[PDB]
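Peer 1: Contents of my_file.tsv (TSV, C-alpha atoms):
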chain	number	residue	atom	x	y	z
A	83	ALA	CA	-59.56	-108.56	47.74
A	84	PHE	CA	-61.87	-107.16	50.44
A	85	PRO	CA	-65.59	-107.66	49.71
A	86	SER	CA	-67.54	-105.06	51.68
A	87	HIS	CA	-71.25	-105.43	50.82
A	88	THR	CA	-73.92	-107.62	52.42
A	89	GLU	CA	-75.73	-109.77	49.83
A	90	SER	CA	-77.77	-112.06	52.12
A	91	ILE	CA	-79.76	-111.83	55.33
A	92	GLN	CA	-80.21	-114.28	58.21
A	93	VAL	CA	-83.95	-114.90	58.13
A	94	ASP	CA	-83.44	-117.78	60.58
A	95	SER	CA	-80.14	-118.66	62.18
A	96	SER	CA	-80.72	-122.44	61.93
A	97	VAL	CA	-80.56	-122.42	58.10
A	98	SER	CA	-78.46	-120.65	55.49
A	99	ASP	CA	-78.88	-116.96	54.69
A	100	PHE	CA	-81.34	-115.90	51.99
A	101	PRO	CA	-79.78	-114.08	49.01
A	102	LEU	CA	-81.03	-110.61	48.13
A	103	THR	CA	-80.77	-111.55	44.44
A	104	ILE	CA	-81.56	-114.80	42.66
A	105	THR	CA	-80.53	-115.02	39.00
A	106	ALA	CA	-80.78	-117.75	36.38
A	107	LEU	CA	-77.14	-118.56	37.16
A	108	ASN	CA	-77.85	-119.32	40.83
A	109	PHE	CA	-81.14	-121.23	40.53
A	110	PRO	CA	-83.13	-122.68	37.61
A	111	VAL	CA	-85.29	-119.56	37.27
A	112	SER	CA	-86.33	-117.52	34.24
A	113	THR	CA	-85.21	-113.99	35.21
A	114	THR	CA	-83.62	-111.93	37.97
A	115	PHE	CA	-85.48	-111.85	41.29
A	116	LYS	CA	-85.00	-109.53	44.27
A	117	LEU	CA	-86.00	-110.28	47.85
A	118	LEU	CA	-89.31	-108.66	48.74
A	119	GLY	CA	-90.31	-110.11	52.11
A	120	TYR	CA	-88.98	-112.77	54.45
A	121	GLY	CA	-89.85	-114.52	57.68
A	122	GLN	CA	-90.32	-117.73	59.60
A	123	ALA	CA	-93.36	-119.96	59.21
A	124	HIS	CA	-95.04	-121.71	62.16
A	125	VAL	CA	-98.05	-124.05	62.36
A	126	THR	CA	-100.76	-124.80	64.96
A	127	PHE	CA	-101.34	-123.23	68.38
A	128	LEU	CA	-98.08	-124.83	69.55
A	129	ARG	CA	-96.26	-122.42	67.18
A	130	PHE	CA	-94.22	-125.23	65.61
A	131	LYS	CA	-91.59	-123.76	63.30
A	132	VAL	CA	-91.46	-125.53	59.93
A	133	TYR	CA	-89.50	-123.37	57.52
A	134	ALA	CA	-87.92	-120.04	56.65
A	135	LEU	CA	-89.60	-118.22	53.78
A	136	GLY	CA	-88.25	-115.83	51.19
A	137	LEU	CA	-90.63	-114.04	48.84
A	138	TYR	CA	-89.03	-112.53	45.72
A	139	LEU	CA	-90.25	-110.21	42.97
A	140	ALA	CA	-88.87	-110.11	39.44
A	141	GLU	CA	-86.69	-107.03	39.03
A	142	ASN	CA	-88.27	-106.25	35.66
A	143	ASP	CA	-91.82	-106.35	37.09
A	144	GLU	CA	-91.35	-103.67	39.77
A	145	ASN	CA	-93.08	-101.21	37.41
A	146	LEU	CA	-96.24	-103.33	37.52
A	147	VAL	CA	-97.03	-102.23	41.06
A	148	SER	CA	-97.53	-98.57	40.12
A	149	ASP	CA	-98.97	-99.49	36.72
A	150	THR	CA	-101.68	-101.44	38.57
A	151	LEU	CA	-102.22	-99.62	41.89
A	152	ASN	CA	-102.52	-95.93	40.98
A	153	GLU	CA	-104.93	-93.03	41.32
A	154	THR	CA	-107.20	-94.57	38.67
A	155	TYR	CA	-107.42	-97.87	40.57
A	156	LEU	CA	-108.04	-95.92	43.78
A	157	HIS	CA	-111.15	-94.07	42.60
A	158	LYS	CA	-112.39	-96.93	40.40
A	159	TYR	CA	-112.56	-99.41	43.31
A	160	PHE	CA	-112.84	-97.28	46.48
A	161	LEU	CA	-115.44	-94.67	47.45
A	162	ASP	CA	-113.84	-93.33	50.64
A	163	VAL	CA	-110.73	-91.54	49.41
A	164	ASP	CA	-109.19	-88.96	51.74
A	165	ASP	CA	-108.52	-86.05	49.39
A	166	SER	CA	-106.10	-84.42	51.85
A	167	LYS	CA	-103.73	-87.38	51.36
A	168	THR	CA	-101.95	-88.24	48.12
A	169	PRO	CA	-103.04	-91.24	46.04
A	170	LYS	CA	-99.99	-93.25	47.14
A	171	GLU	CA	-100.71	-92.49	50.80
A	172	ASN	CA	-104.30	-93.72	50.39
A	173	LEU	CA	-103.22	-96.84	48.50
A	174	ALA	CA	-100.64	-97.61	51.18
A	175	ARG	CA	-103.20	-97.09	53.95
A	176	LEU	CA	-105.71	-99.41	52.26
A	177	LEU	CA	-103.12	-102.12	51.64
A	178	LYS	CA	-102.11	-102.06	55.33
A	179	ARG	CA	-105.75	-102.24	56.46
A	180	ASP	CA	-105.37	-106.01	55.87
A	181	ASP	CA	-109.00	-106.61	54.91
A	182	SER	CA	-110.88	-108.07	51.94
A	183	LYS	CA	-110.05	-104.94	49.89
A	184	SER	CA	-106.35	-105.47	50.61
A	185	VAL	CA	-106.69	-109.00	49.18
A	186	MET	CA	-108.41	-107.59	46.06
A	187	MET	CA	-105.44	-105.26	45.52
A	188	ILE	CA	-102.89	-108.06	45.83
A	189	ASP	CA	-105.02	-110.30	43.60
A	190	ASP	CA	-105.13	-107.56	40.96
A	191	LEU	CA	-101.35	-107.21	41.18
A	192	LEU	CA	-101.00	-110.94	40.63
A	193	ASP	CA	-103.25	-110.72	37.56
A	194	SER	CA	-100.94	-108.06	36.05
A	195	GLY	CA	-98.28	-110.63	35.14
A	196	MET	CA	-96.08	-110.09	38.20
A	197	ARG	CA	-93.41	-112.78	38.40
A	198	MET	CA	-92.38	-114.12	41.78
A	199	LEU	CA	-90.37	-116.70	43.69
A	200	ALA	CA	-91.03	-118.38	47.02
A	201	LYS	CA	-87.90	-119.95	48.54
A	202	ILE	CA	-88.96	-122.41	51.24
A	203	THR	CA	-86.14	-123.71	53.45
A	204	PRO	CA	-87.10	-126.29	56.12
A	205	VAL	CA	-85.63	-125.83	59.60
A	206	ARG	CA	-85.93	-129.57	60.28
A	207	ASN	CA	-85.87	-132.75	58.26
A	208	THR	CA	-89.18	-133.25	56.46
A	209	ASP	CA	-90.42	-134.70	53.15
A	210	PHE	CA	-92.10	-133.64	49.92
A	211	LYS	CA	-95.50	-134.81	51.14
A	212	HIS	CA	-95.42	-132.31	54.01
A	213	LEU	CA	-94.17	-129.44	51.85
A	214	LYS	CA	-96.95	-130.12	49.36
A	215	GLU	CA	-99.63	-130.43	52.04
A	216	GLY	CA	-98.51	-127.13	53.53
A	217	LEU	CA	-99.04	-125.39	50.19
A	218	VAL	CA	-102.49	-126.96	49.91
A	219	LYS	CA	-103.44	-125.74	53.38
A	220	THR	CA	-102.32	-122.23	52.46
A	221	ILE	CA	-104.22	-122.24	49.16
A	222	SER	CA	-107.37	-123.48	50.86
A	223	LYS	CA	-107.55	-120.37	53.06
A	224	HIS	CA	-108.03	-118.03	50.10
A	225	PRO	CA	-111.40	-116.25	50.36
A	226	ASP	CA	-112.44	-117.21	46.82
A	227	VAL	CA	-111.95	-120.98	47.07
A	228	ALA	CA	-115.68	-121.70	47.40
A	229	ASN	CA	-116.43	-119.76	44.19
A	230	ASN	CA	-113.86	-121.75	42.17
A	231	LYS	CA	-114.15	-125.20	43.78
A	232	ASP	CA	-114.08	-127.46	40.72
A	233	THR	CA	-111.44	-125.54	38.77
A	234	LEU	CA	-109.28	-125.33	41.90
A	235	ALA	CA	-109.61	-129.09	42.50
A	236	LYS	CA	-108.23	-129.77	39.01
A	237	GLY	CA	-105.33	-127.46	39.84
A	238	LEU	CA	-104.62	-129.22	43.13
A	239	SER	CA	-104.35	-132.51	41.20
A	240	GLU	CA	-101.75	-130.90	38.95
A	241	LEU	CA	-99.94	-129.89	42.14
A	242	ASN	CA	-99.66	-133.57	43.14
A	243	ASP	CA	-98.08	-134.44	39.80
A	244	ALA	CA	-95.80	-131.40	39.97
A	245	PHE	CA	-94.11	-132.97	43.02
A	246	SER	CA	-92.28	-135.50	40.88
A	247	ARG	CA	-89.67	-136.32	43.52
A	248	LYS	CA	-90.76	-138.37	46.53
A	249	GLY	CA	-88.99	-138.85	49.83
A	250	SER	CA	-86.91	-137.07	52.42
A	251	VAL	CA	-86.01	-133.37	52.42
A	252	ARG	CA	-83.14	-132.34	54.66
A	253	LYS	CA	-83.08	-129.35	56.95
A	254	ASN	CA	-81.62	-126.43	54.97
A	255	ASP	CA	-82.68	-127.88	51.59
A	256	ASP	CA	-84.68	-125.45	49.40
A	257	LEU	CA	-87.98	-125.80	47.58
A	258	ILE	CA	-88.21	-123.08	44.90
A	259	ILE	CA	-91.64	-122.06	43.61
A	260	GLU	CA	-91.62	-119.72	40.61
A	261	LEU	CA	-94.78	-117.85	39.57
A	262	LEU	CA	-94.74	-117.17	35.82
A	263	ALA	CA	-96.27	-114.12	34.14
A	264	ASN	CA	-99.23	-116.24	32.97
A	265	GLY	CA	-99.91	-117.39	36.57
A	266	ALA	CA	-98.48	-120.90	36.17
A	267	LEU	CA	-96.10	-122.39	38.75
A	268	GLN	CA	-92.69	-124.01	38.18
A	269	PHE	CA	-91.27	-126.12	41.01
A	270	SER	CA	-87.59	-126.87	41.71
A	271	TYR	CA	-85.61	-128.48	44.52
A	272	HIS	CA	-82.14	-127.71	45.86
A	273	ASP	CA	-80.27	-130.50	47.67
A	274	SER	CA	-78.04	-128.34	49.85
A	275	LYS	CA	-75.89	-131.19	51.20
A	276	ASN	CA	-74.72	-132.23	47.71
A	277	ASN	CA	-75.45	-128.84	46.09
A	278	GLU	CA	-77.61	-130.38	43.37
A	279	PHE	CA	-80.72	-128.92	41.73
A	280	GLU	CA	-83.68	-130.91	40.42
A	281	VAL	CA	-86.24	-129.23	38.20
A	282	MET	CA	-89.67	-130.65	38.96
A	283	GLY	CA	-93.13	-130.20	37.50
A	284	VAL	CA	-95.37	-127.31	36.56
A	285	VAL	CA	-98.92	-126.29	37.44
A	286	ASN	CA	-100.61	-124.54	34.52
A	287	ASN	CA	-103.92	-123.89	36.33
A	288	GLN	CA	-103.68	-120.20	37.26
A	289	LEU	CA	-105.76	-120.31	40.43
A	290	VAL	CA	-103.15	-122.42	42.22
A	291	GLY	CA	-100.29	-119.95	42.03
A	292	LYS	CA	-102.61	-116.98	42.38
A	293	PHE	CA	-104.21	-118.28	45.57
A	294	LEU	CA	-100.86	-119.44	46.98
A	295	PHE	CA	-98.98	-116.18	46.53
A	296	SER	CA	-101.98	-114.04	47.52
A	297	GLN	CA	-102.05	-115.91	50.85
A	298	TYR	CA	-98.30	-115.44	51.29
A	299	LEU	CA	-98.62	-111.71	50.73
A	300	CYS	CA	-101.89	-110.80	52.43
A	301	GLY	CA	-103.56	-113.86	53.97
A	302	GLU	CA	-105.62	-113.14	57.06
A	303	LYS	CA	-103.79	-116.13	58.60
A	304	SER	CA	-100.73	-116.06	56.41
A	305	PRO	CA	-98.07	-118.79	56.68
A	306	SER	CA	-95.45	-116.20	57.75
A	307	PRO	CA	-96.81	-112.97	59.27
A	308	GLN	CA	-93.37	-111.38	59.05
A	309	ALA	CA	-92.97	-112.26	55.36
A	310	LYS	CA	-96.39	-110.70	54.76
A	311	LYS	CA	-95.42	-107.60	56.76
A	312	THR	CA	-92.06	-107.07	55.06
A	313	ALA	CA	-93.38	-107.83	51.58
A	314	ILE	CA	-96.31	-105.40	51.87
A	315	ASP	CA	-94.01	-102.65	53.16
A	316	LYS	CA	-91.68	-103.26	50.22
A	317	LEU	CA	-94.52	-103.28	47.70
A	318	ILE	CA	-95.61	-99.93	49.14
A	319	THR	CA	-92.22	-98.41	48.27
A	320	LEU	CA	-92.87	-99.36	44.62
A	321	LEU	CA	-96.14	-97.39	44.44
Transcribe the structure of this file into structure tokens.
Peer 2:
Amino acid sequence: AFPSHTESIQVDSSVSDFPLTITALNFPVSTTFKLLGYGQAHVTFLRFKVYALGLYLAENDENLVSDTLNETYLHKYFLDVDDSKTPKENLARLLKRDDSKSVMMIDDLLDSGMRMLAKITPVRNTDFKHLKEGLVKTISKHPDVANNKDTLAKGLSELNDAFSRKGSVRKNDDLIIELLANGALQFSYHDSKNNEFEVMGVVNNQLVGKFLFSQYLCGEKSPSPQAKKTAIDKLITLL
């Protein structure tokens, strides 16, 4: 009769709240996802706001953080461990350093089979071309692009075909990007005016989803600094 618990948060007041939990009954996704980080995304020096971003982690994959980033990882890949601090304190410190070693850590997490969602909600009317191009720009900032140029190019072509729908996207619509355990991407669209979902294409090339979500979580110039900041803090609590 009297619901008393908050299940969503207002990432940006111009669009609808982001749910803390996304299940296969709410969206066309494969498992239960929990909000990890969130924030607004801006572009260019004019700080032009383009969308609100929600990053989600599969509930059943929360164990993968500590299974991957542990005291073994720490001494295997770092040679500057402060022995006065615990392993989790050192791992947290190194993740917050926000340097090339932080990227390595996030990339290793992504290789562990960690399943994720990105919910992208435009704050103005746009179109699928611009959403797609924004993902390409993000992917292209990953530090390892130059060492995987040809394979990545094949993946970016898959990304074009994955955007099966063409045309307008309304403010407050949702693009849903799901990262599968194997690294593939599944795309989906939510028409919020008519409350209709359209499943779109897939990208099976692993580099695409790996580079995209790595840049969301730890990019030097990430699309949403606040989503990066909140997601990293939340990942640290799972150590």
Peer 1: Which of these, A:95, A:90, A:108, A:302, has the shortest distance to residue 220 of chain A once you count all atoms listed in the file?
Peer 2: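 Result for the nearest residue to residue 220 of chain A: A:302.
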Peer 1: So, counting only C-alpha atoms, which residue among A:197, A:272, A:124, A:158 is closest to residue 146 of chain A?
Peer 2: A:197
Peer 1: Which residue gives the smallest distance to residue 292 of chain A among A:222, A:150, A:113, A:142, with all atoms listed in the file counted?
Peer 2: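 Using all atoms listed in the file, the shortest distance to residue 292 of chain A belongs to A:222.
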Peer 1: Just give me the gap between atom CA of residue 190 of chain A and atom CA of residue 263 of chain A in Å, one decimal is fine.
Peer 2: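 Computed distance, atom CA of residue 190 of chain A to atom CA of residue 263 of chain A, equals 13.0 Å.
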Peer 1: Find, counting only C-alpha atoms, the residue in A:183, A:143, A:261, A:199 that gets nearest to residue 155 of chain A.
Peer 2: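 Among the listed residues, the smallest separation from residue 155 of chain A belongs to A:183.
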Peer 1: Which of these, A:205, A:135, A:147, A:221, has the shortest distance to residue 187 of chain A once you count only C-alpha atoms?
Peer 2: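 Nearest candidate to residue 187 of chain A out of A:205, A:135, A:147, A:221: A:147.
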Peer 1: Measure the distance from atom CA of residue 118 of chain A to atom CA of residue 291 of chain A in Å and round it to one decimal.
Peer 2: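 Answer for the atom CA of residue 118 of chain A to atom CA of residue 291 of chain A separation: 17.1 Å.
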Peer 1: Have a look at A:223, A:231, A:275, A:310 and name the one nearest to residue 294 of chain A; count only C-alpha atoms.
Peer 2: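 Comparing A:223, A:231, A:275, A:310 against residue 294 of chain A, the winner is A:223.
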Peer 1: Could you state the separation of atom CA of residue 148 of chain A and atom CA of residue 317 of chain A in Å, given to one decimal place?
Peer 2: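 Pair atom CA of residue 148 of chain A / atom CA of residue 317 of chain A returns 9.4 Å.
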Peer 1: Report as number ranges by chain all protein, DNA and RNA residues lying within 7 Å of segment 235-250 of chain A, evaluated on all atoms listed in the file, omitting residues in the same chain fewer than 4 positions from it.
Peer 2: A: 208-210, 231, 282-285, 287, 290
Peer 1: Show me the residues around (-75.0, -110.6, 52.6) - criterion: an atom at most 10 Å away, only C-alpha atoms counted - as a ChimeraX atom specification.
Peer 2: /A:86-92,99-102
Peer 1: Hey, can you spit out that residue selection with C-alpha atoms as a PDB file, keeping the file's coordinate frame?
Peer 2:
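Dumped to part17.pdb:
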ATOM      1  CA  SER A  86     -67.540-105.060  51.680  1.00  0.00           C
ATOM      2  CA  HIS A  87     -71.250-105.430  50.820  1.00  0.00           C
ATOM      3  CA  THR A  88     -73.920-107.620  52.420  1.00  0.00           C
ATOM      4  CA  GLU A  89     -75.730-109.770  49.830  1.00  0.00           C
ATOM      5  CA  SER A  90     -77.770-112.060  52.120  1.00  0.00           C
ATOM      6  CA  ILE A  91     -79.760-111.830  55.330  1.00  0.00           C
ATOM      7  CA  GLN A  92     -80.210-114.280  58.210  1.00  0.00           C
ATOM      8  CA  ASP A  99     -78.880-116.960  54.690  1.00  0.00           C
ATOM      9  CA  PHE A 100     -81.340-115.900  51.990  1.00  0.00           C
ATOM     10  CA  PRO A 101     -79.780-114.080  49.010  1.00  0.00           C
ATOM     11  CA  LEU A 102     -81.030-110.610  48.130  1.00  0.00           C
TER      12      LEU A 102
END
Peer 1: Which neighbours of residue 316 of chain A fall inside 12 Å, counting all atoms listed in the file, when residues of the same chain fewer than 6 positions from it are skipped, and could you give them as a ChimeraX atom specification?
Peer 2: /A:116-120,137-139,144,147,174,177-178,299,309-310
Peer 1: Produce the centre coordinates and the three edge lengths, each in Å to one decimal, of the box along x, y and z that contains all listed atoms of segment 139-152 of chain A with 8 Å added on each side, as JSON.
Peer 2:
{"center_x": -94.6, "center_y": -103.1, "center_z": 39.3, "size_x": 31.8, "size_y": 30.3, "size_z": 23.3}
Peer 1: Using all atoms listed in the file, determine which residues lie at most 12 Å from residue 278 of chain A, disregarding the query and same-chain residues fewer than 6 positions distant; provide the list as a PDB file with C-alpha atoms, keeping the file's coordinate frame.
Peer 2:
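Printed below is result29.pdb as written:
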ATOM      1  CA  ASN A 108     -77.850-119.320  40.830  1.00  0.00           C
ATOM      2  CA  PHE A 109     -81.140-121.230  40.530  1.00  0.00           C
ATOM      3  CA  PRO A 110     -83.130-122.680  37.610  1.00  0.00           C
ATOM      4  CA  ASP A 255     -82.680-127.880  51.590  1.00  0.00           C
ATOM      5  CA  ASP A 256     -84.680-125.450  49.400  1.00  0.00           C
ATOM      6  CA  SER A 270     -87.590-126.870  41.710  1.00  0.00           C
ATOM      7  CA  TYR A 271     -85.610-128.480  44.520  1.00  0.00           C
ATOM      8  CA  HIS A 272     -82.140-127.710  45.860  1.00  0.00           C
TER       9      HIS A 272
END
Peer 1: Please complete segment 210-231 of chain A with N, CA, C and O atoms and give it back as a PDB file, in the coordinates of the input.
Peer 2:
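File produced: part-v1.pdb:
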ATOM      1  N   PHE A 210     -91.371-134.397  50.943  1.00  0.00           N
ATOM      2  CA  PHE A 210     -92.100-133.640  49.920  1.00  0.00           C
ATOM      3  C   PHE A 210     -93.589-133.645  50.210  1.00  0.00           C
ATOM      4  O   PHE A 210     -94.281-132.655  49.947  1.00  0.00           O
ATOM      5  N   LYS A 211     -94.091-134.736  50.782  1.00  0.00           N
ATOM      6  CA  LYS A 211     -95.500-134.810  51.140  1.00  0.00           C
ATOM      7  C   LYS A 211     -95.887-133.651  52.060  1.00  0.00           C
ATOM      8  O   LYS A 211     -96.909-132.990  51.848  1.00  0.00           O
ATOM      9  N   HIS A 212     -95.067-133.370  53.072  1.00  0.00           N
ATOM     10  CA  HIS A 212     -95.420-132.310  54.010  1.00  0.00           C
ATOM     11  C   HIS A 212     -95.286-130.930  53.385  1.00  0.00           C
ATOM     12  O   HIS A 212     -96.113-130.058  53.640  1.00  0.00           O
ATOM     13  N   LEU A 213     -94.253-130.703  52.579  1.00  0.00           N
ATOM     14  CA  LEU A 213     -94.170-129.440  51.850  1.00  0.00           C
ATOM     15  C   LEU A 213     -95.409-129.233  51.000  1.00  0.00           C
ATOM     16  O   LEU A 213     -96.062-128.192  51.068  1.00  0.00           O
ATOM     17  N   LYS A 214     -95.779-130.243  50.217  1.00  0.00           N
ATOM     18  CA  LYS A 214     -96.950-130.120  49.360  1.00  0.00           C
ATOM     19  C   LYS A 214     -98.201-129.847  50.173  1.00  0.00           C
ATOM     20  O   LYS A 214     -98.974-128.941  49.853  1.00  0.00           O
ATOM     21  N   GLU A 215     -98.419-130.623  51.237  1.00  0.00           N
ATOM     22  CA  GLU A 215     -99.630-130.430  52.040  1.00  0.00           C
ATOM     23  C   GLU A 215     -99.679-129.034  52.631  1.00  0.00           C
ATOM     24  O   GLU A 215    -100.758-128.446  52.749  1.00  0.00           O
ATOM     25  N   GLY A 216     -98.524-128.478  52.992  1.00  0.00           N
ATOM     26  CA  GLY A 216     -98.510-127.130  53.530  1.00  0.00           C
ATOM     27  C   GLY A 216     -98.953-126.091  52.521  1.00  0.00           C
ATOM     28  O   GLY A 216     -99.663-125.143  52.860  1.00  0.00           O
ATOM     29  N   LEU A 217     -98.560-126.271  51.255  1.00  0.00           N
ATOM     30  CA  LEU A 217     -99.040-125.390  50.190  1.00  0.00           C
ATOM     31  C   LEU A 217    -100.545-125.524  50.015  1.00  0.00           C
ATOM     32  O   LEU A 217    -101.252-124.528  49.844  1.00  0.00           O
ATOM     33  N   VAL A 218    -101.055-126.756  50.066  1.00  0.00           N
ATOM     34  CA  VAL A 218    -102.490-126.960  49.910  1.00  0.00           C
ATOM     35  C   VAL A 218    -103.252-126.272  51.031  1.00  0.00           C
ATOM     36  O   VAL A 218    -104.260-125.605  50.791  1.00  0.00           O
ATOM     37  N   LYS A 219    -102.777-126.408  52.267  1.00  0.00           N
ATOM     38  CA  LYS A 219    -103.440-125.740  53.380  1.00  0.00           C
ATOM     39  C   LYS A 219    -103.468-124.232  53.171  1.00  0.00           C
ATOM     40  O   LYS A 219    -104.479-123.573  53.439  1.00  0.00           O
ATOM     41  N   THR A 220    -102.358-123.665  52.699  1.00  0.00           N
ATOM     42  CA  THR A 220    -102.320-122.230  52.460  1.00  0.00           C
ATOM     43  C   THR A 220    -103.310-121.827  51.383  1.00  0.00           C
ATOM     44  O   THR A 220    -104.050-120.848  51.537  1.00  0.00           O
ATOM     45  N   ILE A 221    -103.332-122.574  50.274  1.00  0.00           N
ATOM     46  CA  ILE A 221    -104.220-122.240  49.160  1.00  0.00           C
ATOM     47  C   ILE A 221    -105.658-122.265  49.619  1.00  0.00           C
ATOM     48  O   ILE A 221    -106.457-121.389  49.273  1.00  0.00           O
ATOM     49  N   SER A 222    -105.997-123.246  50.446  1.00  0.00           N
ATOM     50  CA  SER A 222    -107.370-123.480  50.860  1.00  0.00           C
ATOM     51  C   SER A 222    -107.920-122.391  51.764  1.00  0.00           C
ATOM     52  O   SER A 222    -109.131-122.382  52.011  1.00  0.00           O
ATOM     53  N   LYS A 223    -107.074-121.504  52.281  1.00  0.00           N
ATOM     54  CA  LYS A 223    -107.550-120.370  53.060  1.00  0.00           C
ATOM     55  C   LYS A 223    -107.944-119.166  52.208  1.00  0.00           C
ATOM     56  O   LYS A 223    -108.455-118.179  52.748  1.00  0.00           O
ATOM     57  N   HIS A 224    -107.734-119.209  50.901  1.00  0.00           N
ATOM     58  CA  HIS A 224    -108.030-118.030  50.100  1.00  0.00           C
ATOM     59  C   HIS A 224    -109.530-117.778  50.088  1.00  0.00           C
ATOM     60  O   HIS A 224    -110.315-118.717  49.941  1.00  0.00           O
ATOM     61  N   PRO A 225    -109.958-116.522  50.221  1.00  0.00           N
ATOM     62  CA  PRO A 225    -111.400-116.250  50.360  1.00  0.00           C
ATOM     63  C   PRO A 225    -112.242-116.700  49.191  1.00  0.00           C
ATOM     64  O   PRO A 225    -113.458-116.840  49.350  1.00  0.00           O
ATOM     65  N   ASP A 226    -111.660-116.906  48.014  1.00  0.00           N
ATOM     66  CA  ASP A 226    -112.440-117.210  46.820  1.00  0.00           C
ATOM     67  C   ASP A 226    -112.474-118.687  46.467  1.00  0.00           C
ATOM     68  O   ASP A 226    -112.958-119.054  45.386  1.00  0.00           O
ATOM     69  N   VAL A 227    -111.992-119.546  47.358  1.00  0.00           N
ATOM     70  CA  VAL A 227    -111.950-120.980  47.070  1.00  0.00           C
ATOM     71  C   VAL A 227    -113.343-121.502  46.727  1.00  0.00           C
ATOM     72  O   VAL A 227    -113.543-122.180  45.708  1.00  0.00           O
ATOM     73  N   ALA A 228    -114.331-121.157  47.555  1.00  0.00           N
ATOM     74  CA  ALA A 228    -115.680-121.700  47.400  1.00  0.00           C
ATOM     75  C   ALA A 228    -116.305-121.314  46.063  1.00  0.00           C
ATOM     76  O   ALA A 228    -117.184-122.023  45.557  1.00  0.00           O
ATOM     77  N   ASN A 229    -115.896-120.187  45.483  1.00  0.00           N
ATOM     78  CA  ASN A 229    -116.430-119.760  44.190  1.00  0.00           C
ATOM     79  C   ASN A 229    -115.640-120.304  43.001  1.00  0.00           C
ATOM     80  O   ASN A 229    -115.941-119.949  41.854  1.00  0.00           O
ATOM     81  N   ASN A 230    -114.630-121.134  43.245  1.00  0.00           N
ATOM     82  CA  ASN A 230    -113.860-121.750  42.170  1.00  0.00           C
ATOM     83  C   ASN A 230    -113.546-123.204  42.492  1.00  0.00           C
ATOM     84  O   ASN A 230    -112.482-123.704  42.110  1.00  0.00           O
ATOM     85  N   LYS A 231    -114.466-123.900  43.171  1.00  0.00           N
ATOM     86  CA  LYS A 231    -114.150-125.200  43.780  1.00  0.00           C
ATOM     87  C   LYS A 231    -113.657-126.204  42.741  1.00  0.00           C
ATOM     88  O   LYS A 231    -112.604-126.825  42.917  1.00  0.00           O
TER      89      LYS A 231
END
